[PDB]
């Protein structure tokens, strides 16, 4: 188990383990605040030379953004982070789940697998598909603190 660090911009990773390097692009949306929201955009390299942009699950968006409560305090309400076991990549969303998002609180970790669907019309060819949601053991100020609990048994089924 490795959490996967990402460089600003293009990261060449082989998310679907087929020998062609894909892109994970790490960028931020700058709309002029102290803590711009970082977003991840996934592009799967196709053998025909095209790049297939992956959707956000349960969304019409194609970039996975972090979320912060307002312009102001330095903590995350929602975060995303990539993990890898051997050749397999997993995307994990950490989210503060209590009503008072400002306080130290419970955090849910949603584990997504890479899923290829080749088959049903109108379904994405390449998507992140939920495998497991767990509640972190500790309460935290910032969602990203929960990733310190992620281990091999939590990612796999």
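Positions refer to the first chain, counted from 1.
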Check: On average, are the C-alpha B-factors higher in 126 to 134 or in 30 to 38?
Finding: 30 to 38
Notebook entry, point to check: Which wins on mean Cα temperature factor, 63 to 71 or 89 to 97?
Noted result: 63 to 71
Notebook entry, point to check: When you compare the CA B-factors of 108, 58, 52, 117 as listed in the entry, which one comes out on top?
Noted result: 58
Next item on the list: Could you look up the Cα B-factor of residue 17 in the entry and say which third of the chain it sits in: lowest, middle or highest?
Entry: highest
